[PDB]
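>>> Generate coordinates for the sequence data below:
(chains A, B, C, D, E, F, G, H, I, J, K, L, M, N and O, ligands or ions: 4)
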Amino acid sequence: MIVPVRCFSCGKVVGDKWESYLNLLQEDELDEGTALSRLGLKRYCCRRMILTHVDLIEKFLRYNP
Amino acid sequence: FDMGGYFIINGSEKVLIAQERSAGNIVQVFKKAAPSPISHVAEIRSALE
Amino acid sequence: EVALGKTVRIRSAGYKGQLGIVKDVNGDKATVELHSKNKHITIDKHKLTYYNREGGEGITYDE
Amino acid sequence: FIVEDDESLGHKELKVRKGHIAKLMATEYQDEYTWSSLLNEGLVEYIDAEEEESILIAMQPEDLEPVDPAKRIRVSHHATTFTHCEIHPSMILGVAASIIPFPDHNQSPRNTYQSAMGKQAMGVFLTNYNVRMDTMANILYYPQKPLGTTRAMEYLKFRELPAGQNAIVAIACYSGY
Amino acid sequence: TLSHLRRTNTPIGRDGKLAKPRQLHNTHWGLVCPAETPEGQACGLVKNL
Amino acid sequence: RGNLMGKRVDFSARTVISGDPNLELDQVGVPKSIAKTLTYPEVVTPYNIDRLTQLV
Amino acid sequence: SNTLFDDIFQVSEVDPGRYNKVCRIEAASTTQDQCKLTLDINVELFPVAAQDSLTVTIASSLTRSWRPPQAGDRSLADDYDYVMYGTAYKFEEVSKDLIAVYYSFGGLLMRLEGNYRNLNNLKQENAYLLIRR
Amino acid sequence: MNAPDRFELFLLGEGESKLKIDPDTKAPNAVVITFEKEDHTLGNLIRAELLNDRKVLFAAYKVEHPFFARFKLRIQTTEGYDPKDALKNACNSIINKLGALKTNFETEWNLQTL
Amino acid sequence: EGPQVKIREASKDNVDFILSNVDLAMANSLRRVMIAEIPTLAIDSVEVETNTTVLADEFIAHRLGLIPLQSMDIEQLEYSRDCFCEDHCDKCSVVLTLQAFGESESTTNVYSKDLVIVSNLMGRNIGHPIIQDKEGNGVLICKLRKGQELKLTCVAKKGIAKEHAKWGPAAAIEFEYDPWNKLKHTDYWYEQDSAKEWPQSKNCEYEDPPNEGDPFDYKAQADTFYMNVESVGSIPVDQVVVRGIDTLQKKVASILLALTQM
Amino acid sequence: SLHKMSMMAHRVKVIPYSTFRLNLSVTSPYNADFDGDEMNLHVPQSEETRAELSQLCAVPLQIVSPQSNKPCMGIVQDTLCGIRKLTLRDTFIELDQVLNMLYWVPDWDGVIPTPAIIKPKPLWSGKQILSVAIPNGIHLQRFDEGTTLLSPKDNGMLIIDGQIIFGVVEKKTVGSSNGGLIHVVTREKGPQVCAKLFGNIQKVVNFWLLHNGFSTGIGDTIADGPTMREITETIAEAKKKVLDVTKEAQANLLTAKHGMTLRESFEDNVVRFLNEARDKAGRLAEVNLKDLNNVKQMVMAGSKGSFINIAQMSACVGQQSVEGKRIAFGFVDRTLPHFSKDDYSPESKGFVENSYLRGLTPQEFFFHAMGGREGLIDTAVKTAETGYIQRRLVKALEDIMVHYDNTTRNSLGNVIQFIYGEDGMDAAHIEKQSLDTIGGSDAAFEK
Amino acid sequence: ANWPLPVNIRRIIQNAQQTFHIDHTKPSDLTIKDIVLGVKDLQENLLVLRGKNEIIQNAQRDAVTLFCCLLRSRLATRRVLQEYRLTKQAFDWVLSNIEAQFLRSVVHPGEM
Amino acid sequence: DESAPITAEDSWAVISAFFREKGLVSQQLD
Amino acid sequence: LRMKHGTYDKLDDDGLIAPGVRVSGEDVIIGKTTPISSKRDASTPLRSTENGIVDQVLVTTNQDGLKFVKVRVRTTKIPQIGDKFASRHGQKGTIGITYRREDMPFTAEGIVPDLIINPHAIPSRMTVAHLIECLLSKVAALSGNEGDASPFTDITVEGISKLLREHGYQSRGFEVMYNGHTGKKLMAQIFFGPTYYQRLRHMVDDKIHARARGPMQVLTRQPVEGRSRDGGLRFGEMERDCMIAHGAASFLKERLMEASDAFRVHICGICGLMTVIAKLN
Amino acid sequence: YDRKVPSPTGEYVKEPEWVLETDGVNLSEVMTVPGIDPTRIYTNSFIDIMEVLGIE
RNA sequence: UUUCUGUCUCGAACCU
Ligand SMILES: [Mg+2]
Ligand SMILES: [Zn+2]
Ligand SMILES: [Zn+2]
Ligand SMILES: [Zn+2]
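Numbers count the residues shown, from 1 in each chain, chains lettered A, B, ... in the order given. Ligands and ions are numbered 1, 2, ... in the order given. There you are, the coordinates:
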């Protein structure tokens, strides 16, 4: 639904950086690896925790109610 | 993302499954075992399609 | 028992500060379904602060 | 794909070309060409089980018409009379089986058990679970597209509605539990 | 949901019978998924395209 | 075959199994809930009166 | 509670024996041409190469809960590079003059072949084998 | 529905002491301590210290089952050494080494401007 | 002295160091307390007065508890269980509130900044939601429409990570020792050559490499423990390691006190 | 409940969680796998009922199987692999870990075993630390492929007075074997002592494996370049041989084998040659691979996996059988649309050329699937058949029982056998033993 | 040669050697007469059936024919003196143990 | 250029065209 | 009325449960009273084995105009030991244990696994695709780019390993690991990396049940079917055989008479029929 | 087929002999054929073995 | 000072 608050494995906070990741992907047109590394995720656990998210909250949100 | 292709019957979504059958209007030759007196049947499920 | 079927808050246990609903009382020990966890727990009814139908003031066991 | 010379070079080549694929991608990005137009121009033809009897099919769209030791090998093309070719062999797999990473590397019974179990996996079944009052629904808290994704996953729309999570697996014998 | 929409049944009884229909003939290529199937009494009879 | 050779019975449970190397060979772990429901009728003697009164 | 066998051995052949931390040495005495030894050594702790002279002895001292030495100055047969502990398990005869004794030093095998000068060897768990380079 | 509760993972239970020493009729001068509501975090550390002491013959810690938050240490010492004193000195050495490490870390940080 | 420290890099949320002349058991137990026993403040009890977003109350509650909170003066905040007060007291918990009513036609994001502390801290810098991101929003919580209210009252209580991973103040505690096989503590899997196939650790250049000539060292032990503690942000890495030592010390002291009491 | 030991009385341990926990070594007689399996607990309601369940049918008493006079239950899982890596010759253990594993054995006498190596440092052999779990008075002596007492490969096994003299522990020692450690312990010391032995051996080996580690992965399946080259060479040689056999058949210079026609003769020759090629490729893969291979350790432990497993793992999946024969020509004289008709080559007729590490071409994958669901359907029908046969056998033999004249008689009383099993000896108590009068020459018997 | 049979005589003998600490150098105090009589008495005491009469002794002798062949194969005089070195008291212990384990090994009737 | 031979990578555009018109429930819908 | 023993305060005057309230066990969800010709209860209770918070309630008219009500109840369901999980390669298992990050093993870089799978899954099942998925998934997280994991792509394991090595790791996916209890480096290395896993429906909360003298069948007075109906277990023919083999005749008698259904039957000696008009009073 | 036979020295030795296996069930008439060893003839059908040789 | 509800029957899908 929403980006997870913390990395499941290490517990690093990754909910801070979802919109920064989207901005680096769209505005700056950086590849996935560069965007993640510049956001400061070194461990592949955190890196997949941001890379594999699906922004299902948008789909659920923009119904009527 | 709902593809459709189902029926809402009493509020419950129901789907009909494709049912296999031998094709109609084709001659099919089958051997038969020794205990059966019949040997070499030819079948055709003729029908107005 | 007046305490039956009332919103309660536990006070000396690991589940303290937690809402609950009193389900049955076997005498000196009230069973409450936790209004947080999907588990029933027995705890002495004297050490629970009971709340009215809506939240607000917390009344001890004096009713 | 239909295979026919169409030209003077003599070698048998498919009917679809880079121009056709470019126009297909162009209409993709715009939304003109479509599967229907592909059929009408006769670049793709439908074959059923009975018509499969009398056609020789090419596996790879380019390889069989005309080495690193770990690289993929193939039975040589001693036939110069191919008539069709697969679009891609992966499409023999069904919906549940095409979720699988590397089914060819798997054993086939495990592919079958996966094809049964993926139907029972947990995920987002639809984006309208708030309004549907289904008898029994399961919604994963944080769905996740797998790191290893099959190219058919975009048509199955699995990445949009995935069912499962990525976990750091350790193939380890740690506690005996 | 997608598999159910694209599922195929076979009228043959689920009870103990010959294994020939339960097998896949070579002609299932590209028409029936060689892997996807239920396990147990329906295996090889229920087919997914 | 369905009610005499094999039939139904109370005082029983069914659930999943997990491995456990820290359990003795002839021992088996029972969920607390399953223990709470299942019972054994034990008769009152002088030799267990104190424990049975405590259990009650 | 004293030395039962003592001799020099010239390690004739060292075989890594497929293991990384253990090797089998086949050795023959420099004195008694008919005495032979074939013994497993933890080469990691006691490196050994072919054609080395090794002073082997077997002792029966220096129930019984083992303990660390408790003291830098505890007396013990400390004049040896490598001491192992094992139990004899077999004594076979060959050529009606030579006797071969088998020891297991916690799964490290030795065969010690020689004539009846090995008579002191006894089927007792208490058997230390000490080696000096 | 009946998973074990997790505040008792380190909180003392009602009518349950932190330590239970009882002797051991199993080797001479050997005692058994059951540490309730502890994990490997101290079993490994207190046991490593007890093995660093020269006058202690046996020291080994134990977690029977991960469900129950309790470990259990056995110490066998030499004659005239109360294993309670052995455990006391192991703990005292632990606290001293930790005080040294804490002071060292604060000093090294305050040295380093960042 | 005894244990020795050498801090290699330091940062707001990271510190790498070397521990020398210390037992492997001691280094590990220090880490274990550093990952489990350090107390921290995190949101514990969420009360929803009006929720109308597209998310479960259980969902948003779990999300909110995972939010880091400033917990510098956590030692000064007394444990909830030890408190005997009535009508939860500010000496046992920190009360926050989140009121996020979307107005804009676009989706209105809800961030860590929106929580406002309502309880009386009394000069203790405890309970501020940590805002580590570059722009300064905070951690994304949930998103709203123009019509969707979200009104809730949070109670954050002291707790350790052994209750729940939310209270963990350290994310990743890198740990390594003997980068070479000087102690032979691992047999390296290989096909042709272990030296070729295995990457060299970054710490390999902070030890002398081994020599093929000299034999294996019998009596060597695990020393020179290269660590790197990262903080989620609730507690600076200063205090992450320092409070970690404090809890391990205090717990061994409590064992001693139990011994003397009995 | 396919067999007798699938219903055993256990001692309750109340344990807070939602799942039955059971000792791992009792999974074999139950045929349990913890893969979502469920099991069934029946609580007795009387003192008769409890006494019957404790004295008649309890796991320690049920260790020995009457079915094959061997232990039904043994140490068959990662504990087997751990005990093998433990009792490897070169596995030496610190004072630290020795102290902990020793104390894991609760049977343990109390004396620290002395090290096998003391002065360079106190070091205990894996076998030595294991031996504290085996009770005193256990004598075992198994000789493998001409093991000698100086066993260079550490094969075989020799245990004296509960001390493992040598021999790496495998399935054939601590698993379900007639001459096994479990068998001799149960027959000598008894059921309670043997159950304690299961507990102690598991506890020691699992502690050791916890602090040691074990894994598996890609590198455990890849073989080196020369091995892959020579594997391709053997497969190509087999293919050339099959092509030559085919050409001889096409020119019908091949005489059909006795009792077989020419078609079936050609097919038998082809399937034999493809099987031989797959076996040769597997042999080369194994002899290349080393004990640092996790998989080779797994097979040599014998906990699970096999040679055919490794061969298909890394070398060649092999010729795929459907209905006990090669892939039948489905469309018209062709196995799939991609081969022209009359194609009898191995690739066309189901021979997978390459392994699962390396991948399947799509024809190979489809033939793989056909063989796979052939196998699955075969088990799905065999379980039904075997269930019916078992039920019939039970209804036939239900009333027979050895009555107190040592006669097995049914409900009417008809003597089925005047002596139970021609001896009157309970099936569990038999063991395999030699008779020295039969063998040997007259001279040997004389001497 | 290897065939299933009721009690492991080799394990009984090895257990006797270990629990008696049998010394191979020392001469044995057994006598040939004692060995033969002890073996015969064991054979007669190995009961699975019991009547005082022909057909049941034939049934018993029949039932224990193979096991007694094993016993005379193993506990021969030349074997018991050459390859084993059991004393008199160790021999008696072995015979008693063989008898006890056989009586254990008898079917426990009422077995299904 | 437009008439050049085609790549197995670029067949996936054709597959996308298939699932763009027909989708995955084409059989039941038609 | 014939109301149930479950609580009823959860209802409000309207007849629903005042959404926001939560329920459990045998709390009533819809409050219905059927007239009888004063009235009786027909309210549907909540499932005994399931509980949670009421997410939503619907009230409407059906085709015929009779009021129709649809109440939806939400619960969080967290992994437990008995919960079953599976990869996309047939590797399925129930959780054995739940260990914390401290007791978990750990890599050099501090990455702690979310799951540990026993290597006994691999050889028997021949499941190389799980391992290749793990290697590709590690390369995918290390590069950031998604790994085309399709069935018959050109990519091979050597290429995967070469990329993984270029990213400063093993070629083969192994990686040195350290014990969580002591920090001892593991003597053998651990294959490691991200892999996709699914939570399957079969979970112990839904599959656990025990009985002791519950509702009986109306016909046979044997226990009724199923967990949902407070049902009971069965002693099949095969298990009867196993007990017959065991010799626990007392067990079988107790289990098939006293624990299942015991009926006292008076019979006449001359006829031996169930025709005795017994007036025990 | 190699059979174990006592050698004149008295040790069992492998002796290869010739054996005619068949795909037919006719015991009564085949057992008469001169030049065979009817004492040893065997047939896969226990039914014909009974009907020719007897119940035992 | 007022308590032992309660079901069948045809299937379908899935688990071991
Ligand atoms: Mg299973
Ligand atoms: Zn992470
Ligand atoms: Zn307070
Ligand atoms: Zn009558």
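>>> Next one: residue N:46 relative to chain G, how far apart?
Remark: distance between residue N:46 and chain G (CB to the nearest CB, to the nearest Å) = 51 Å. For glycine as for every other residue, the C-beta is placed from the backbone atoms N, C-alpha and C.
>>> in terms of contact, does residue I:239 touch residue I:72 like I think?
Yes. Look at residue I:239 against residue I:72 with CB atoms under 8 Å: they come within range, at 6.9 Å.
>>> And the helices in the stretch 51-200 of chain I, which stretches?
In the stretch 51-200 of chain I, the segments counted as helices under DSSP state H, counting those that start in this stretch are I:57-65, I:194-197.
>>> which one of the ones you listed is the most hemmed in?
Ranked by mean neighbour count, those are led by helix I:57-65 with a mean of 21 (mean count of other CB atoms under 10 Å in any protein chain shown).
>>> overlap in contacts of residue I:239 and residue I:72?
Both residue I:239 and residue I:72 lack any common contacting residue under the criterion CB atoms under 8 Å, 6 or more residues apart in numbering or on different chains.
>>> helix, strand or coil for residue G:110?
strand (DSSP: H, G, I helix; E, B strand; the rest coil).
>>> Measure how buried it is and give me the count.
23 (other CB atoms under 10 Å in any protein chain shown).
>>> Who are the contact partners of it?
With contacts taken as CB under 8 Å, 6+ apart, residue G:110 has the following neighbours: G:37, G:38, G:39, G:40, G:86, G:102, G:103, G:129.
>>> how close does it sit to chain D?
From residue G:110 to chain D the distance is 34 Å (CB to the nearest CB).
>>> sorry, back to before: which of the contacts of residue G:110 fall within strands?
Mapping the contacts of residue G:110 onto strands (DSSP state E) picks out G:37, G:38, G:39, G:40, G:86, G:102, G:103, G:129.
>>> Quick check, the second one in contact with residue G:23.
Read that as residue G:38. No. Residue G:38 is beyond contact range of residue G:23, at 11.4 Å (criterion: CB under 8 Å).
>>> what comes into contact with stretch J:387-397?
Here stretch J:387-397 has contacts from J:2, M:237, M:238, M:241, using CB under 8 Å, 6+ apart.
>>> Tell me the one of those residues nearest chain C?
Closest approach between those and chain C, by CB to the nearest CB: residue M:238, at 36.4 Å.
>>> Surely that closest one and residue J:4 touch.
No. Contact between residue M:238 and residue J:4 fails when scored by CB under 8 Å: they sit 10.6 Å apart.
>>> What residues does the residue of the stretch 51-200 of chain I found nearest chain J make contact with?
With CB to the nearest CB, the shortest gap between the stretch 51-200 of chain I and chain J falls at residue I:189, namely 5.6 Å. With contact taken as CB under 8 Å, 6+ apart, residue I:189 is in contact with J:219, J:292, M:172, M:174, M:188, M:189.
>>> Which strand residues bridge the fourth one?
If I follow you right, that is residue M:174. For residue M:174, the beta-bridge partners under DSSP bridges are residue M:191.
>>> What segments of chain N are helices?
N:27-30, N:46-53 (DSSP state H).
>>> out of these, which comes closest to chain A?
Here helix N:46-53 is closest among the helices of chain N (CB to the nearest CB), at 65.0 Å.
>>> For that closest one, buried residues please.
By neighbour count on 16 or more other CB atoms under 10 Å in any protein chain shown, the buried set for helix N:46-53 is residue N:49.
>>> Work out the gap between it and the centre of the chain.
Distance, stretch centre to chain centre, for helix N:46-53: 14 Å (CA atoms, centre = their mean, to the nearest Å).
>>> Could you export the ones in strands among the contacts of residue G:110 as TSV, including neighbour count and distance to chain H?
Formatted as TSV, the ones in strands among the contacts of residue G:110 follow (neighbours: other CB atoms under 10 Å in any protein chain shown; distance: CB to the nearest CB, whole Å):
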residue	neighbour count	distance to chain H
G:37	21	35
G:38	20	36
G:39	24	31
G:40	27	29
G:86	25	23
G:102	21	32
G:103	23	28
G:129	21	25
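>>> Tell me how far residue J:111 lies from chain L.
Distance from residue J:111 to chain L, by CB to the nearest CB: 71 Å.
>>> Might you report the residue contacts of the residue nearest to that residue when sequence neighbours are not counted?
Spatial nearest neighbour of residue J:111, excluding adjacent residues (CB to CB, 6 or more residues apart in numbering or on different chains): residue G:65 at 4.2 Å. By CB under 8 Å, 6+ apart, the contact set of residue G:65 is H:27, H:57, J:110, J:111, J:112.
>>> Can you tell me the SS state at residue F:15?
Classified using three-state DSSP, residue F:15 is strand.
>>> That one: what's it in contact with?
Counting by CB under 8 Å, 6+ apart, residue F:15 has contacts F:31, F:34, J:18-20, J:38-39, J:41, M:82, M:204, M:207-210.
>>> Now flag whichever of the residues you listed is closest to RNA strand O.
residue J:38 (6.5 Å; CB to the nearest atom of the strand).
>>> which residue packs closest to the residue in chain A that chain B sits nearest to, ignoring adjacent ones?
Residue nearest to chain B within chain A: residue A:59 (8.4 Å; CB to the nearest CB). Sequence neighbours aside, residue D:127 is the residue nearest to residue A:59 in space, at 4.4 Å (criterion: CB to CB, 6+ apart).
>>> residues from chain N in reach of chain B?
Applying the criterion CB under 8 Å from any CB of the partner chain, no portion of chain N neighbours chain B.
>>> Get me the contact residues on chain N for chain J.
Applying CB under 8 Å from any CB, we find that chain N lies next to chain J at N:7, N:9, N:10, N:11, N:12, N:23.
>>> at 10 Å instead, please
N:6, N:7, N:8, N:9, N:10, N:11, N:12, N:21, N:22, N:23 (CB under 10 Å from any CB of the partner chain).
>>> Correct me if wrong: residue N:45 contacts residue N:27.
Yes. Using CB atoms under 10 Å, residue N:45 makes contact with residue N:27 at a distance of 7.7 Å.
>>> okay, and the common contacts of these two?
By the contact definition CB atoms under 10 Å, 6 or more residues apart in numbering or on different chains, residue N:45 and residue N:27 are jointly contacted by residue N:51.
>>> who has more neighbours, these two?
The neighbour comparison of residue N:45 against residue N:27 (other CB under 10 Å) goes to residue N:27, with 20 against 11.
>>> show me where the stretch 1-150 of chain M has strands.
Under the criterion DSSP state E, counting those that start in this stretch, strands of the stretch 1-150 of chain M are mapped to M:22-23, M:28-30, M:33-35, M:39-41, M:44-45, M:52-61, M:67-74, M:84-87, M:92-94, M:106-107, M:115-117, M:147-148.
>>> Nearest residue to residue G:30 in space, please, no chain neighbours.
Residue G:30 sits nearest to residue G:8 (CB to CB, 6+ apart), 5.0 Å away.
>>> nope, residue J:348 is what I meant
Spatial nearest neighbour of residue J:348, excluding adjacent residues (CB to CB, 6+ apart): residue J:339 at 4.3 Å.
>>> Quick check: the residue in chain J positioned nearest to chain A vs residue M:186, distance?
Nearest to chain A, among the residues of chain J, is residue J:217, at 16.4 Å (CB to the nearest CB). From residue J:217 across to residue M:186, the span is 14 Å (CB to CB, to the nearest Å).
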